[PDB]
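So this one's work23.cif, mmCIF, C-alpha atoms:
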data_model
#
loop_
_atom_site.group_PDB
_atom_site.id
_atom_site.type_symbol
_atom_site.label_atom_id
_atom_site.label_comp_id
_atom_site.auth_asym_id
_atom_site.auth_seq_id
_atom_site.Cartn_x
_atom_site.Cartn_y
_atom_site.Cartn_z
ATOM 1 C CA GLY K 1 63.822 189.668 123.218
ATOM 2 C CA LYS K 2 62.029 188.750 120.001
ATOM 3 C CA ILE K 3 62.331 185.066 119.111
ATOM 4 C CA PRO K 4 65.277 184.947 116.641
ATOM 5 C CA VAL K 5 63.681 182.161 114.605
ATOM 6 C CA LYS K 6 65.416 183.500 111.500
ATOM 7 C CA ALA K 7 68.760 182.905 113.202
ATOM 8 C CA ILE K 8 68.103 179.199 113.715
ATOM 9 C CA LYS K 9 66.548 178.827 110.270
ATOM 10 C CA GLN K 10 69.491 180.704 108.760
ATOM 11 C CA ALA K 11 71.905 178.170 110.250
ATOM 12 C CA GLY K 12 70.113 175.349 108.467
ATOM 13 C CA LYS K 13 70.509 177.114 105.131
ATOM 14 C CA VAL K 14 74.270 177.477 105.535
ATOM 15 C CA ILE K 15 74.511 173.695 105.834
ATOM 16 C CA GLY K 16 72.899 173.270 102.433
ATOM 17 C CA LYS K 17 74.266 176.359 100.706
ATOM 18 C CA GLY K 18 77.724 175.388 101.893
ATOM 19 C CA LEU K 19 77.346 171.844 100.600
ATOM 20 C CA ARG K 20 76.275 173.106 97.180
ATOM 21 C CA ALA K 21 79.226 175.506 97.186
ATOM 22 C CA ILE K 22 81.795 172.799 97.892
ATOM 23 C CA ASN K 23 80.353 170.760 95.025
ATOM 24 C CA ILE K 24 80.909 173.620 92.584
ATOM 25 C CA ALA K 25 84.217 174.614 94.188
ATOM 26 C CA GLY K 26 85.744 171.603 92.462
ATOM 27 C CA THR K 27 84.909 172.799 88.962
ATOM 28 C CA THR K 28 85.777 176.409 89.781
ATOM 29 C CA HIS K 29 89.189 175.244 90.987
ATOM 30 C CA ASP K 30 89.903 174.058 87.445
ATOM 31 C CA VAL K 31 88.571 177.108 85.603
ATOM 32 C CA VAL K 32 91.019 179.261 87.552
ATOM 33 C CA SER K 33 93.807 177.161 86.035
ATOM 34 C CA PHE K 34 92.771 178.336 82.568
ATOM 35 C CA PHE K 35 93.231 182.000 83.478
ATOM 36 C CA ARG K 36 96.105 181.732 85.962
ATOM 37 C CA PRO K 37 97.167 184.953 87.778
ATOM 38 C CA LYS K 38 100.116 186.727 86.158
ATOM 39 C CA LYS K 39 100.861 190.391 86.850
ATOM 40 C CA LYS K 40 103.907 192.439 85.849
ATOM 41 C CA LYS K 41 106.796 192.709 88.308
ATOM 42 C CA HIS K 42 109.854 194.859 89.009
#
Go ahead and express the file in the form of structure tokens.
Amino acid sequence: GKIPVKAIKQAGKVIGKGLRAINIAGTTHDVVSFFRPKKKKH
């Protein structure tokens, strides 16, 4: 079966990586406002 230790350890990383992502998501949300999506239409 092979002990999937990496699986359990990987779950713990997501908790931290996700927390660090949400912290930066706030600033990124603003930056997007500077560019703003605008493509031609018909």
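Put simply, atom CA of residue 5 of chain K is 18.4 Å away from atom CA of residue 17 of chain K.
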Report, in Å with one decimal, the straight-line distance from atom CA of residue 6 of chain K to atom CA of residue 22 of chain K.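 Interatomic distance here is 23.8 Å.
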So how far away is atom CA of residue 10 of chain K from atom CA of residue 29 of chain K, in Å?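 Interatomic distance, atom CA of residue 29 of chain K to atom CA of residue 10 of chain K: 27.1 Å.
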